[PDB]
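All remarks here apply to the structure that follows.
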Amino acid sequence: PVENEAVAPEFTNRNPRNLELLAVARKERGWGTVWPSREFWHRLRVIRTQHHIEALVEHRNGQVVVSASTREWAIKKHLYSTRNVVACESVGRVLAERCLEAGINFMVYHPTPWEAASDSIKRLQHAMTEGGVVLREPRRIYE
Amino acid sequence: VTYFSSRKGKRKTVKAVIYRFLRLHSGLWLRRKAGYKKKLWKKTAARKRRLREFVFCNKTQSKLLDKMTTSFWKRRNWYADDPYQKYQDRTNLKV
Amino acid sequence: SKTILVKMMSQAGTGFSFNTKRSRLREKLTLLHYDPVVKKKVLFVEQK
Amino acid sequence: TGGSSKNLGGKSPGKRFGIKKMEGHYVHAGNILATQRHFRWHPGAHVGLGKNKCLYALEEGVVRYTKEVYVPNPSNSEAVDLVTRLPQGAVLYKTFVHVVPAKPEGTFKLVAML
RNA sequence: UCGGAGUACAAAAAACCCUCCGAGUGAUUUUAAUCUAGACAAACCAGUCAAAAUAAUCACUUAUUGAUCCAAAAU
Ligand SMILES: [Mg+2]
Ligand SMILES: [Mg+2]
Ligand SMILES: [Mg+2]
Ligand SMILES: [Mg+2]
C-alpha cells in the first residue's frame with residue numbers, strides 16, 4: 001500500500017505528562033496517619049514567612065513545577081509591603097497566570113484549620129479562581 | 001445412615017442432609033451460613049452481608065455428605081428455569 | 001434500665017427497619033434512612 | 001483444705017496480631033500487610049488503613065518498610081500537643097509500610113486502522 | 001463462656017485449682033447504604049478487614065455476647 005502504512009500493535013507514549021492529563025494515571029492513595037493527604041497530581045503549597053509570601057506548585061516527586069515568590073525582583077519592584085494581603089492576591093494571580101501558561105488547570109490545596117480563615121488565603125483562592133485555575137483535583141478513572 | 005434397609009435391602013438416605021444442602025453435578029456441595037435469620041439488629045451491615053451469602057464446603061464435608069446421599073441426588077438434572085444449571089459444570093480447572 | 005427493640009416504618013412501601021432504643025428515651029426515634037425500591041432518602045417513623 | 005484461687009478468666013486465645021507480609025514480598029491489590037491493635041506500623045504510600053488498624057495493599061507491588069518523619073493531623077489534638085512540647089531541635093519518626101507498583105498503569109493498543 | 005496485661009523478654013502459637021484487672025452494657029447523633037476484586041484468621045462452626053462499581057463516636061474500646069429445630073409474628 002504505502003511504505004508508511006506500518007503502525008505496530010503497542011504504542012509508546014513517552015511523555016510523563018500524558019497519563020496525568022488523561023486522568024487515568026496514579027495518585028498515591030495512602031498515608032492517612034499523617035498530614036496532609038498526599039493523594040494528588042499537583043499540590044498547591046503556600047509558605048508564609050514573617051517576611052515573604054511564597055507560592056509553589058509541586059509534583060509528588062517533590063519537584064517544584066511552577067512558583068511565584070516575592071523575593072523575585074519582578075513582584076518586588078512593582079508593589080509595597082511584602083507581608084500585605086494585597087501582596088498575597090498578587091502572588092496568587094501571578095501564579096494563576098504562570099499556571100495557565102504551564103497548562104496545568106488542576107491542583108489540590110490543603111490549608112490548615114486556622115489558616116483557612118485568614119484573609120490572605122481567601123484572597124489567594126479568589127485570585128486563583130478568577131485566574132481560571134480549578135482547585136479540588138478531578139477524580140481518577142478506574143481507581 | 002442405614003446401609004441395608006429392612007424391607008428392600010437397599011441403602012437409605014438421610015433426609016436432614018437433603019433439606020439444608022445442594023449438590024451440584026461437579027460434586028461441590030452448597031450450603032446456607034449459620035445464624036443468618038438470627039438477631040439482626042445487633043450485627044453490622046458487613047456481617048449481615050456475610051451471612052446472607054451461600055458458600056462451598058471443604059473436601060472432608062462434601063465427602064461426608066456424599067455418603068449420606070443415595071444415587072438419586074447425584075443425578076444430572078435439567079429443570080426449566082434452573083438458576084443453578086449454569087453452575088453445575090466445572091471449567092478451566094487444572095489440578 | 002432496659003433496651004427496647006423497635007420496628008421503624010417507611011412512609012412509602014414495604015420497607016421496614018429494626019433498631020434498638022433506650023429505656024430512659026434520650027432521643028425519640030425518627031430517622032432519615034435508605035429505601036431500596038425508590039432508591040431514596042426517607043423519613044422512617046418508630047413503630048412496633 | 002479450702003483451695004480457692006481468687007483469679008478468673010485469664011484465658012483468651014491469642015489474636016495472631018503481627019506482620020503478615022515481609023519486606024520485598026510481592027503483593028496483589030487487597031492483601032492484608034500487617035494487623036496490629038495499636039499503631040506499631042503506619043500506612044505509607046499505597047497502603048490503606050482499615051477501621052481495626054489493618055494495613056492492606058492498594059496496588060500490585062513490592063512491600064517496603066521505612067523510617068520517616070511524623071507530622072500528625074492538625075485535627076487530632078493529642079498528637080498535636082505531643083508535637084508541640086518537643087525541644088526545638090527534634091523531629092518525630094515512625095515506621096511505615098509501602099507498596100512499590102510493578103505493573104505499568106496501562107498500554108495503548110491499536111484497535112482499528114480506518 | 002467472652003477481653004486486657006504478665007507467665008510467653010524481639011514473627012505467630014503456647015499450659016495450670018498460675019499472678020493480677022475487667023464484661024454479660026451504657027452515652028450520643030451524624031442514622032452509620034447496596035453489590036463485588038483480593039485477603040487475615042481458622043479442625044469445623046463461627047469470626048475479621050476491604051479497592052473498584054452503583055447510589056458512626058466516646059467510655060484503656062478490645063469484651064458487652066447464644067447454633068439448629070420449634071414457636072409466635074408481617075411482608
Ligand atoms: Mg430481646
Ligand atoms: Mg493471655
Ligand atoms: Mg489459650
Ligand atoms: Mg468506594
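Going by the C-alpha cells order, chains are called A, B, ..., each with residues numbered from 1, while ligands are numbered from 1 in the order shown.
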12 Å contacts from chain E to chain A using only C-alpha atoms (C1' of nucleotides), as a ChimeraX atom specification: /E:51-53
Pull C-alpha atoms (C1' of nucleotides) from the residues just selected and write them as a PDB file, in the first residue's frame.
ATOM      1  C1'   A E  51     -10.214  -1.398  46.443  1.00  0.00           C
ATOM      2  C1'   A E  52     -13.206  -0.619  42.241  1.00  0.00           C
ATOM      3  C1'   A E  53     -18.719  -0.128  40.695  1.00  0.00           C
TER       4        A E  53
END
Write down as a tab-separated table (two decimals) with N, CA and C atoms, in the first residue's frame the residues of chain B whose backbone DSSP state falls under alpha helix (DSSP H).
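Saved to result.tsv:
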chain	number	residue	atom	x	y	z
B	15	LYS	N	-32.56	-37.66	55.35
B	15	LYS	CA	-33.27	-36.53	54.75
B	15	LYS	C	-32.82	-35.17	55.30
B	16	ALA	N	-32.28	-35.16	56.51
B	16	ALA	CA	-31.82	-33.90	57.07
B	16	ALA	C	-30.66	-33.32	56.27
B	17	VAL	N	-29.98	-34.13	55.46
B	17	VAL	CA	-28.95	-33.58	54.59
B	17	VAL	C	-29.58	-32.97	53.37
B	18	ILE	N	-30.69	-33.53	52.92
B	18	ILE	CA	-31.40	-33.06	51.74
B	18	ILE	C	-32.10	-31.75	52.00
B	19	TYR	N	-32.44	-31.46	53.24
B	19	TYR	CA	-33.08	-30.17	53.46
B	19	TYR	C	-32.15	-28.97	53.53
B	20	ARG	N	-30.92	-29.11	54.01
B	20	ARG	CA	-30.07	-27.93	54.09
B	20	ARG	C	-28.98	-27.74	53.03
B	45	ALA	N	-23.83	-4.00	59.13
B	45	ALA	CA	-24.16	-4.20	57.72
B	45	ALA	C	-23.20	-5.23	57.09
B	46	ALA	N	-21.93	-5.14	57.47
B	46	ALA	CA	-20.92	-6.07	56.98
B	46	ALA	C	-21.30	-7.51	57.29
B	47	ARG	N	-21.56	-7.79	58.57
B	47	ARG	CA	-21.86	-9.16	58.98
B	47	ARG	C	-23.14	-9.67	58.36
B	48	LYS	N	-24.13	-8.80	58.22
B	48	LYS	CA	-25.37	-9.20	57.57
B	48	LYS	C	-25.11	-9.65	56.14
B	49	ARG	N	-24.31	-8.87	55.42
B	49	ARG	CA	-23.97	-9.28	54.07
B	49	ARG	C	-23.26	-10.63	54.07
B	50	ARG	N	-22.27	-10.80	54.95
B	50	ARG	CA	-21.55	-12.07	55.01
B	50	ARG	C	-22.47	-13.26	55.30
B	51	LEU	N	-23.53	-13.01	56.06
B	51	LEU	CA	-24.48	-14.05	56.44
B	51	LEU	C	-25.48	-14.41	55.35
B	52	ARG	N	-25.90	-13.43	54.55
B	52	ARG	CA	-26.87	-13.72	53.51
B	52	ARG	C	-26.30	-14.65	52.43
B	59	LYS	N	-13.38	-30.50	51.22
B	59	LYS	CA	-13.41	-31.89	50.79
B	59	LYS	C	-13.97	-32.83	51.86
B	60	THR	N	-13.52	-32.66	53.10
B	60	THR	CA	-13.93	-33.54	54.21
B	60	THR	C	-15.44	-33.63	54.35
B	61	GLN	N	-16.10	-32.50	54.15
B	61	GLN	CA	-17.54	-32.41	54.27
B	61	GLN	C	-18.27	-32.96	53.07
B	62	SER	N	-17.99	-32.42	51.88
B	62	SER	CA	-18.61	-32.92	50.66
B	62	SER	C	-18.55	-34.44	50.64
B	63	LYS	N	-17.39	-34.98	51.01
B	63	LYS	CA	-17.21	-36.42	51.08
B	63	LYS	C	-18.22	-37.04	52.04
B	64	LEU	N	-18.32	-36.49	53.24
B	64	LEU	CA	-19.25	-36.99	54.24
B	64	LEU	C	-20.70	-36.87	53.79
B	65	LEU	N	-21.07	-35.74	53.21
B	65	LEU	CA	-22.42	-35.54	52.72
B	65	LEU	C	-22.77	-36.49	51.58
B	66	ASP	N	-21.75	-36.96	50.88
B	66	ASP	CA	-21.98	-37.85	49.76
B	66	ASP	C	-22.35	-39.23	50.26
B	67	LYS	N	-21.73	-39.65	51.36
B	67	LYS	CA	-22.01	-40.94	51.97
B	67	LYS	C	-23.41	-41.03	52.55
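Nearest to chain E of all the residues D:59, D:23, D:78, D:68 is D:59, counting only C-alpha atoms (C1' of nucleotides).
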Any idea what's packed within 9 Å of residue 3 (chain D), counting only C-alpha atoms (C1' of nucleotides), ignoring anything in its chain fewer than 2 positions away? Could you give it as a PDB file with N, CA and C atoms (P, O5', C5', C4', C3', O3' and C1' of nucleotides), in the first residue's frame?
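Output file out11.pdb is given in full below:
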ATOM      1  N   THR D   1      -8.880 -28.930 102.753  1.00  0.00           N
ATOM      2  CA  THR D   1      -8.479 -27.525 102.806  1.00  0.00           C
ATOM      3  C   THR D   1      -9.109 -26.713 101.680  1.00  0.00           C
ATOM      4  N   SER D   5      -8.603 -20.266  94.522  1.00  0.00           N
ATOM      5  CA  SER D   5      -7.726 -19.288  93.893  1.00  0.00           C
ATOM      6  C   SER D   5      -8.648 -18.213  93.341  1.00  0.00           C
TER       7      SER D   5
ATOM      8  P     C E  17      -6.944 -24.994  86.475  1.00  0.00           P
ATOM      9  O5'   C E  17      -7.489 -24.509  87.891  1.00  0.00           O
ATOM     10  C5'   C E  17      -7.025 -23.299  88.481  1.00  0.00           C
ATOM     11  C4'   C E  17      -6.621 -23.509  89.917  1.00  0.00           C
ATOM     12  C3'   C E  17      -5.516 -24.538  90.132  1.00  0.00           C
ATOM     13  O3'   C E  17      -4.664 -24.128  91.188  1.00  0.00           O
ATOM     14  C1'   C E  17      -7.441 -25.169  91.343  1.00  0.00           C
TER      15        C E  17
END
Take CA of residue 32 (chain A) and CA of residue 45 (chain A) and report the distance between them in Å, one decimal.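 Here the two named atoms are 18.8 Å from each other.
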If you count only C-alpha atoms (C1' of nucleotides) and all ligand atoms, which residues end up within 6 Å of ligand 2, as an mmCIF file with N, CA, C and O atoms, in the first residue's frame?
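Now in out01.cif:
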data_model
loop_
_atom_site.group_PDB
_atom_site.id
_atom_site.type_symbol
_atom_site.label_atom_id
_atom_site.label_comp_id
_atom_site.auth_asym_id
_atom_site.auth_seq_id
_atom_site.Cartn_x
_atom_site.Cartn_y
_atom_site.Cartn_z
ATOM 1 N N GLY D 10 -8.289 -15.768 82.956
ATOM 2 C CA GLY D 10 -7.026 -15.467 82.320
ATOM 3 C C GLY D 10 -7.077 -15.855 80.856
ATOM 4 O O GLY D 10 -6.316 -15.331 80.049
ATOM 5 N N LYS D 11 -8.006 -16.741 80.506
ATOM 6 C CA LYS D 11 -7.919 -17.464 79.243
ATOM 7 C C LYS D 11 -8.570 -16.795 78.045
ATOM 8 O O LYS D 11 -9.791 -16.634 77.988
ATOM 9 N N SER D 12 -7.732 -16.431 77.081
ATOM 10 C CA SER D 12 -8.183 -15.966 75.779
ATOM 11 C C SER D 12 -7.296 -16.618 74.760
ATOM 12 O O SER D 12 -6.152 -16.944 75.063
#
Using only C-alpha atoms (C1' of nucleotides) and all ligand atoms, find each residue with an atom at most 9 Å away from ligand 1 and format the answer as a VMD selection string. (chain B and resid 39) or (chain C and resid 3 to 5)
